[PDB]
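Enquirer: To kick things off, part of the complex as it is:
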Amino acid sequence: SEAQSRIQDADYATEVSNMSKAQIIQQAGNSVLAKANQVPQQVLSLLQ
């Protein structure tokens, strides 16, 4: 029983960091996408 539990176990302390890391990366990606979508916008004043 202890062997099978060891072979497959969640081992919370490891993947908690992984999920927090993934959420941080996701929020950073959304923020940087919002910051980067403005790149084509400056052409409007160029026209007139």
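Expert: Cool, got the structure. Numbers count the residues shown, from 1 in each chain, chains lettered A, B, ... in the order given.
Enquirer: Residue A:24: neighbouring residues, count only.
Expert: For residue A:24, the neighbour count with other Cβ atoms under 10 Å is 10. No exception for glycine: its C-beta is placed from N, CA and C like everyone else's.
Enquirer: which phi and psi does it have?
Expert: phi -60, psi -40 (degrees, to the nearest 10).
Enquirer: Which stretches in chain A count as helices?
Expert: With DSSP state H as the criterion, chain A has helices at A:2-7, A:12-36, A:43-47.
Enquirer: Show me which of those helices has the highest average neighbour count.
Expert: helix A:12-36 (a mean of 10; mean count of other Cβ atoms under 10 Å).
Enquirer: what's next to that one, contact-wise?
Expert: For helix A:12-36, there are no external contacting residues (Cβ atoms under 8 Å, 6 or more residues apart in numbering).
Enquirer: sequence below should go in as chain B:
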Amino acid sequence: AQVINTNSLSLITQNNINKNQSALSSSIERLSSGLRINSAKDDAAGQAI
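Expert: Chain B added:
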């Protein structure tokens, strides 16, 4: 002015934009990715190691 045809001044300013734009693209791609290297157009030694 003296030239009615071509405005090479705007051409120089245009050349100015693209070199900064390359570093711009690198910066957004590096913020989005977790890694600094990210398929190294830069030194390949870092990616290999």
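Enquirer: same question on the neighbour count of residue A:24, but with chain B included?
Expert: Other residues near residue A:24 come to 11 when the count uses other Cβ atoms under 10 Å in any protein chain shown.
Enquirer: Next one: it from chain B, what distance?
Expert: Using Cβ to the nearest Cβ, to the nearest Å, residue A:24 is found at 9 Å from chain B.
Enquirer: Enumerate the residues of chain B near chain A.
Expert: By Cβ under 8 Å from any Cβ of the partner chain, the residues of chain B that approach chain A are B:24, B:28, B:31-32, B:34.
Enquirer: Which members of those are positioned in strands?
Expert: Using DSSP state E to define strands, no part of the residues of chain B next to chain A is located there.
Enquirer: PyMOL command to pick out the buried ones of those?
Expert: Buried residues among the residues of chain B next to chain A (16 or more other Cβ atoms under 10 Å in any protein chain shown), as a PyMOL selection:
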select buried, chain B and resi 31+32
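Enquirer: can you redo the residues of chain B next to chain A as CSV with distance to residue A:38?
Expert: Listed next are the residues of chain B next to chain A as CSV, based on distance: Cβ to Cβ, whole Å:
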residue, distance to residue A:38
B:24, 12
B:28, 11
B:31, 15
B:32, 15
B:34, 24
